[PDB]
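**Q** Please see the structure below; I have some questions.
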Amino acid sequence: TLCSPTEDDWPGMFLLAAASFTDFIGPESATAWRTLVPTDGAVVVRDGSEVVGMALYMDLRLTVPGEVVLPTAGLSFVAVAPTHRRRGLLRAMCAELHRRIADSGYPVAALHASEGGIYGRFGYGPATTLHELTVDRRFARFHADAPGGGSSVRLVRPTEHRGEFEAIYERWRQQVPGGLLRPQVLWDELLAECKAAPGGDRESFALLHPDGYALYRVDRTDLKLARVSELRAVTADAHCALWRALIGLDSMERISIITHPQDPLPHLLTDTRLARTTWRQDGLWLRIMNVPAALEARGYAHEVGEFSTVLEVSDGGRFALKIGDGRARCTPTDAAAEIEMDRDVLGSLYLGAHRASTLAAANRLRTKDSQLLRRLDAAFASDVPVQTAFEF
Amino acid sequence: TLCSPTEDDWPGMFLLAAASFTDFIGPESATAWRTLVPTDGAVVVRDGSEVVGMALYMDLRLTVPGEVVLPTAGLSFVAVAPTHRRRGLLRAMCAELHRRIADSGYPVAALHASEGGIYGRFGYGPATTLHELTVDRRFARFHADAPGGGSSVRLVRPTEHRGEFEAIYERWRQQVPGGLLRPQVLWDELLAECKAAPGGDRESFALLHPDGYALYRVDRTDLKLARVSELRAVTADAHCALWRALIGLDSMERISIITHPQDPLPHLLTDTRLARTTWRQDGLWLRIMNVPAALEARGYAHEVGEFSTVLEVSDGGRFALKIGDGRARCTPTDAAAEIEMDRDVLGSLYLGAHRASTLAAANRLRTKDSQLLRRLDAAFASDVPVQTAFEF
Amino acid sequence: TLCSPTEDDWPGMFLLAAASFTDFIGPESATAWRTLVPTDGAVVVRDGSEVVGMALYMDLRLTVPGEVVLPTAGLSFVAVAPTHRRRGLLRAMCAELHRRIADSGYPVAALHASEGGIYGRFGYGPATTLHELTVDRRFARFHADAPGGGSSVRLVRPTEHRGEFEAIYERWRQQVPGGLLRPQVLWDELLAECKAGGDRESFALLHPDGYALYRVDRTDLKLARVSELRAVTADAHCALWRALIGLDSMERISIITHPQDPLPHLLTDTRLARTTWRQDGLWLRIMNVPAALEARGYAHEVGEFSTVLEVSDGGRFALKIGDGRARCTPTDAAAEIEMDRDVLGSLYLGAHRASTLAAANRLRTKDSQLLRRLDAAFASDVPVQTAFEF
Amino acid sequence: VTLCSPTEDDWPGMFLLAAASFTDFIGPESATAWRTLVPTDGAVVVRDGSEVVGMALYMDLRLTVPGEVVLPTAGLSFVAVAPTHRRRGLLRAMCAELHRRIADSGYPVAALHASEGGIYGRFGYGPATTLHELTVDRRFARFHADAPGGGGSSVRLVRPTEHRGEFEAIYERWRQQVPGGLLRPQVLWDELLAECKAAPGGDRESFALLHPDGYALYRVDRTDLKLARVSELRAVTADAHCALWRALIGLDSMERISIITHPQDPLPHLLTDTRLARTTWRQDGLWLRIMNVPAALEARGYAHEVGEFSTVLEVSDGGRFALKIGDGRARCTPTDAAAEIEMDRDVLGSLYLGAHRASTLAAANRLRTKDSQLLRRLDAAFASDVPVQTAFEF
Amino acid sequence: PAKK
Amino acid sequence: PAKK
C-alpha cells in the first residue's frame, strides 16, 4: 500500500535513508530539512509493518533567466529498499508525487541525481553543469587586465559573520539563473558544518568581501589542497578579489572549486591553462510540469527576431509558441507540431545549459525547419551564465 | 644573428627539436612536414657555429564560420636552447615571423600550445576547446530516440582504405569551423602511424561509414581501454552508427576520445552521465593578423539585429564595425572606441568558443554599453559547433 | 601599523595561525607555548581592526660545540594574511624582532622553516640536517660487534615515567650540538600528545641512559614511527634499537634522525637502514658575530691560525683560532674571507663544510690552506643533532 | 664439484648464468668488451661434475685515492651461483680463490659494487663511497646572487657520439683529481657511446651539455616524460659545475631534473632555496677491501691539519700494524706490539676513502679503542680534503 | 553536499 | 599528435 507518512513512519524512513544514502546528513539534521516539506509532500510504501520505499519534494524557489523566481518542487530523499527492488515501487512513487506537485500548481520540479540513467524516463533533463576547476597556485600569476593590480577582503570565522553571508547570497540567487532561496534552517545547518569535526573534516575558514564571499577548508587527505566549498560573487570585483586572496594562501599548492562552465577565473590569470578543469558532471535536473506557465515566466533574448511555432511534448500535449521582444506567449493547441521532444529535453533547454542543435543532432528533439532550430538556440540562450546553487 | 636557414642548418635544427620536444616525430617524418613551410617561412638563431633557437609557420587552410576558408600561418617547431634561454631569442623570433606572415597576406595565424602561459603576450588566444570523453561501454545503452534502433559500418584496415578517408575528411573540414585542409603528405604520415610499432603502440583499426569514420586502437598500458584517435562524422547518422559500433567492442571496458564540448554522444545514451568528461584543455590558438580581413570574411548570426560599433585592439589600431544580415563590414578608423581588448581576446571570440560576457567579466575586453556586450555574444556565436582538426 | 600585541590581539592571532598552519597546535596549547615568549617578544600588524600579520621569538637555550650553552631567540609563529601578502609586512616584522633580539643581547637566533627559499635573505642558514631512516625490520640482524649481543630496556606508558625522560633529555641536550633546553610547559604538551579517530597510542622504550617514543602510523599499520629517540651512551642507542627491531607486529621502523646516526653500522646489512628522506632542520642567524665565534668550542687537532673575516652587512673581524678557542676582535684590515650572514649560520654547528660552501661561491677566499683550516676548526667533535620543532 | 679457471668453451655457459642471475645483464656482445679488462686467470668457474653452476672474476682497474694517488685495483664482478647450487659453499670457495690471486698479483685493494648490502661484509668488503640522488624541481629553481656566471654562455648542447674526444679529456682530468675516480679504458667508452643512441621502445635518446672544463649526459625518463635523468655529470672547475646546472635547470620542457651524485655536491648551495634540491635516494656506492694494509695506508694522502701521532692498529684476522701519520704522509709496517686500535677488515675499507667517520663506526663498536684523543685524530687524518665520488658501476 |  |  502507498500513502502519506504519519509521525510514526519517520523512524523507519531514516533507517531506509541510512541504508540507501552514504552521505545521509542524519536524523537530527534531516528534521531541519523536513520543515521545507509541505503537508502531504512525502510518500511511503509500507510492507503490507516496516517501510520499504519513500520519496518527497520540498518547497523551493528557483530563479530562472530574466531574474524571475518560480516555485519549484525539490524532489529528494527518494529510495527503495534492496528487498523490494524492481517491483514497481519507484514508478508508483514518482507518479503520485508528480500528481501532488501538479495539483499544488508548481510550474517546475527539480532534483539532484545519484545516477544519471534513472531520471530521464520520468521527464527530468540535466539543467546545469558542474565544473571542478583546480588551480596550482604556486604558478598562478594574474593578468595585467585583471581588477586590482589596501585589500577589501577579510579572513574571518564563518560562524561569526552569518548575517553578511545571507545578505550576499540573497543578492546572488536573485540575479543568477539556477539560484535557490536558502531559508533560515539551511543556514543553521551550513554554519554547523563549519565547526571542526572530531577526527574527520578540518576547520572551515571564510574570505569575506562586501559584494561576495568564499567558504573553504583544507582537504583531510591532501594537506596541500584547499577545497573551496562555496564561492558567492555579486560583482566581478568581488570574484577577482576573492581569488586573489585564495591564491595568496601560501600554505597550499592547489585550490579546487566546484563551479560553472563560464566561471571567468581562467581569463583572470596570465596562463589560462593553470586553472585545469578536472571534473565535469550534471548538477541540477529539471522536469517542466506546466509547459506554458514555465515558458511564459522565463525571459528570452531580445537580440533574436520575432518568430512563431508549435511545440510537442512527447506524451505531454502540444503548444503554440510565439517568442518576440524577449518574452514568450505559449498556449495549448491541436495544431500540427513543427518541433517534437521528450519532456526531459525541454528541461535541459530551459536554463540554457544545453543547445537545441546539440540535442537535435542526437535526434532527441526533432524538427524539419533548420532556421527554426537556430532560433531556439538563440532564444533559449541565457544572458547571465547558469550556476548551480546547492544540493538537496 | 637571426636569419633564414640554409639546407646546412637543418641537421642542427633537428638536434634542438629532439632535445626540446619529447614527441618529436623524427628527422625523416619532419622532412614531409617541411614541404608545407613556404620560402622564407622559417627562422634560425645561430651562436655568433651551432643553432640555438628556431621557429617556423606552415601554409594551412583554416575553415571559419559560414563555411569560409582562410589562409592561415600555422606556427610550429618553436624552440630556444636551454643554454640561450631568457635572452630575447623568442621575442626576436616571434616578431619577424609575424612580419613575414603579415607581409604574405595571411589574415590569421594559428598554433597549438606546449604551455598555456607563453602565448598570450604574442597575441594568441585559445580558439577551440579539447574535451576528452570516456565511456564505460558495459553500461552504455542507447536512447530510443537515437538513430538506427543490416549495419552500414565496416571494420577495416585503415591503410587499405585511404581514399575513402580523404573524401570523408575533405567533406568534414569544409563544413566544420576549425577544420584544416589535410594535404597528401599528412595522409602519408597518418597511414604510416597505423602500422604496428616494434614494442610500443599496438595496431590501429578503422570503423568505416560512407558519411564518416573512426580511427582507434587499444591502449598500450590499459588493455581494456580503446583510444579513439580520430572520429570524422559528416552526418548525425554516421556519428551515431560509428559509436554504436565502438560500443559494440565487447573486448573493451572503456572507450575514450578527444573531441569538442558540443559532441552529442551523451544525449545518444539513456544515461547522459556514462559519457564522463575526463579532461578539458585549450586546442587551437588564434592570432588575428589583419582584423578587418578576418572579421569581414567570417560569417555571423542572422538572428541578431543590425548594429554598429568601434572596436580597439590594444596596440593594434582601431576599427569601425557594422554587423547585420549575418555579415560584417569592418574598416580602420580614428573614431573613439566603444569596445577595447588585447589582440588575443579577439582570437578566442573568433571561432565562438568563448563568450564575450565571460571575457568581459574578467575585464579582458572592456565596454560600457551592456546591450553591446550581449550583441557580441550573439553575433560571434557559431551556428555549427567548433571542432579541433589536428595538431601541428 | 606595526606594534606589540595586547591581550585582545591573541584571538586574532590564533585565527591567522589556524589559517596559515595546517599543523596548528590549537589555542589551549599555544597559550602554554606563549610562556616562553618574553615581554615585547611578539609583534602584530593590524589593518589600519583585525590582525593581518604576526611574528614572535621564544627564549631558548641552544647547545653548541664544546658543550657550551647559548641564549637563543627562537623565531616562530610568523604569518602574513593572504589578503595582505607581497606588501612588505614580513620584512617590517622581521627587522623589528631582529632589532629587539639584538638589543636584548642574544648572540644567535634560530627557527624551523616551512619553505627553504624564504629565510636565506633574513640571515638564516640551515644549521642541522634531518635524515629519515626506515629499517625493514624483518631482515634486520645485528652485527657481532654490536654492544650487548636480562635486557635493561622496559616497555612503558610515557605519561607514567616523565621524570626519567626529563633526566635523560637534560643529560642529552647538554652534551649534543643542537640540543635545546626543554622547560616544564613543553613536557606538559609532549605528554599530552601520548594518549590516543586519528593518531594511535604512543608507547615508550625506557633505558636508564636513553629513551624512544614511538607509535604505529594511522594509515600504514605495519610501520612504527619513532617520533623521538634520545640516547646518551652507545649502549643505550643499541639497546633501544634491538627492542625496536623486536616489534613483531611491524614490518618497518622509521625515525627522523641525523646524518651520522650509527644504526646502519649496528646491522649486518648497512643497506637495510634506508635513508628515505632528507631535509634541513634548525636554521641559524648569528646576531652577534664575535660573541658567537668566541663562545664556541673548536677542534684541538688544527694548528693555530689567524685571519680576517667579513660578514656582508655584519662587520669585519680579526679571527684568531687556536687550541680549540677563538678570539674575534674589530678591524679595518684587508679581508681574507667574505660571506653572507646566513653562510656563517650553516658553518656554526659544523654540519656544512666551508669547502662545500666555497665550491658554490657562498664564501670567497683566495687562500686554499685557510679553507682547509676552516673545515677542520669548525667541525664539531660530537655529531650535530636536531632537538625539537618550535 | 671442482674449482678451476675457465677455458674459451665455458663462456657461453657463464652468460647463461649471467642472464639468469642479473636482470640488468648488459648482454653477450657487451660482456665480451668488458672481458678485455679481465687479466689472465682473473676468472674462476665451478661446474657440476658438463655445465657451469658458479662464476666469479676481477678486472684490472685503477682507483684514485686521497692526495691524487692512483692505486691498481681488482674490480670484483660477474659473481654468481646457480639457484640449483645455493647454500653449498660455492661462493666461499670462489671468493677465497680470487682473493688468493689478487694478493699474488700484488693489488693493494680490491673493490666492487653491491647487489645486497649484507653479503659482502664477511668477505672483508666495506662501503667506501656513498651514492646520493638529488631531485631539483626546475620550475621553482632560481640561482643565488653569489653563484658563478650570473653575455654568451660557454655551454653547448651536442650529440654525445659527435664529441667523443672532448668527454675523454674531461673525464681523464676528472678521475685523476677526484677520490673514488676510475680510469675508463677505450672499450668502456665504446659501450658508453653505443648506449646514447635511441633504443626500439626502450631507453629514450641521450643528449649532452658540453663545457670546456665539464660535461653532462642526460636523457628523458621513459615513464615520466617531464623528468630528465642526468646519468653522468663530470666537472673539473666550479665554473663548469654551475654552468652545466644553469643549462640543465634551463630545460623548460621538463619539470624535474634528477642525478645520482655524492653527499658534498654543492648544487643545493647554488640555489636561493637549498631545500629545492631534494635528496630523494641514498645508498652505498663503491665497496672496498684492503688486501695489503701497509701498501694501502702508506700510499694514501692524509690531512696536513692534524699534528703528528703514532699508534698500533689490528685488523681482526689480518695481522697487526704500527702506524705513524704526520705531514701528509704515513708510515705503516707490521708488528707484534699490542694494538691500540682494533677493527675488522671491512671497517678499514669504509674509512679508507673517507666517506664514513671513525667516530660513527666507534659509536657502533665496529672499531674499538680506549684513547678518545686517538679516535678524534683518526677522523681528522683519514678525512679527505677533496670530497669522495663514485666513478661508474662495474 | 546535502540530503540524498 | 604531431610536430611540436
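Note that chain A is numbered according to Swiss-Prot, with residues 4-51, 56-156, 160-402 shown in order.
This entry, so its header tells us, was determined using X-ray crystallography, 2.8 Å.
For all residues, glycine too, the Cβ spot is worked out from N, Cα and C.
Feature list, courtesy of Swiss-Prot:
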ACT_SITE  A:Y126  active site, proton donor
ACT_SITE  A:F402  active site, proton acceptor
BINDING   A:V85, A:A86, A:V87, A:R93, A:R94, A:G95, A:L96, A:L97, A:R98, A:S121, A:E122  acetyl-CoA binding site
**Q** Please give the greatest C-alpha separation between any two of the acetyl-CoA-binding residues A:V85, A:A86, A:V87, A:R93, A:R94, A:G95, A:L96, A:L97, A:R98, A:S121, A:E122, in angstrom, as a whole number.
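**A** Maximum Cα-Cα distance: 20 Å.
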**Q** For the recorded positions A:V87, A:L96, A:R98, A:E122, A:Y126, which residues show a Cβ-Cβ distance under 8 Å to chain E?
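**A** Listed recorded positions meeting the cut-off: none at all.
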**Q** Going by C-alpha distance, which of the recorded positions A:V85, A:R94, A:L96, A:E122, A:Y126 is nearest to the residue listed as 'active site, proton acceptor'?
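**A** When the Cα distances are compared, A:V85 comes out closest.
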**Q** Fewest other Cβ atoms within 10 Å: which of the active-site residues A:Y126, A:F402 wins that one? Let me know.
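**A** Result for the active-site residues A:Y126, A:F402: minimum number of other Cβ atoms within 10 Å at A:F402.
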**Q** Cα-Cα separation of A:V87 (acetyl-CoA binding site) and A:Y126 (active site, proton donor), in Å?
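**A** Between the alpha carbons of A:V87 (acetyl-CoA binding site) and A:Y126 (active site, proton donor) there are 14 Å.
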**Q** Identify, in sequence order, the binding-site residues in A:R94, A:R98, A:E122 that approach chain C with a C-beta to C-beta distance under 8 Å; the answer is 'none' if none do.
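**A** Filtering A:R94, A:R98, A:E122 for a Cβ under 8 Å from chain C leaves none.
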**Q** So if the criterion is CB under 8 Å to a CB of chain B, which of the recorded positions A:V85, A:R94, A:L96, A:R98, A:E122, A:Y126 qualify?
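**A** In terms of proximity to chain B, the recorded positions that count are A:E122, given in sequence order.
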**Q** How far is it from A:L96 (acetyl-CoA binding site) to the residue listed as 'active site, proton donor', counting Cα to Cα, in Å?
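**A** Pair distance, Cα basis, whole Å: 15 Å.
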**Q** If I take the alpha carbons of the residue listed as 'active site, proton donor' and A:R98 (acetyl-CoA binding site), what is the distance between them in whole Å?
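**A** That comes out at 11 Å between the alpha carbons.
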**Q** In three-state terms from DSSP, label A:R94 (acetyl-CoA binding site) for me.
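**A** For A:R94 (acetyl-CoA binding site) - judged by DSSP and reduced to three states - the answer is coil.
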**Q** Minimum Cβ neighbour count within 10 Å among the binding-site residues A:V85, A:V87, A:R94, A:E122: which residue?
**A** A:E122
**Q** What three-state secondary structure does DSSP assign to A:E122 (acetyl-CoA binding site)?
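**A** Assignment for A:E122 (acetyl-CoA binding site) reads coil.
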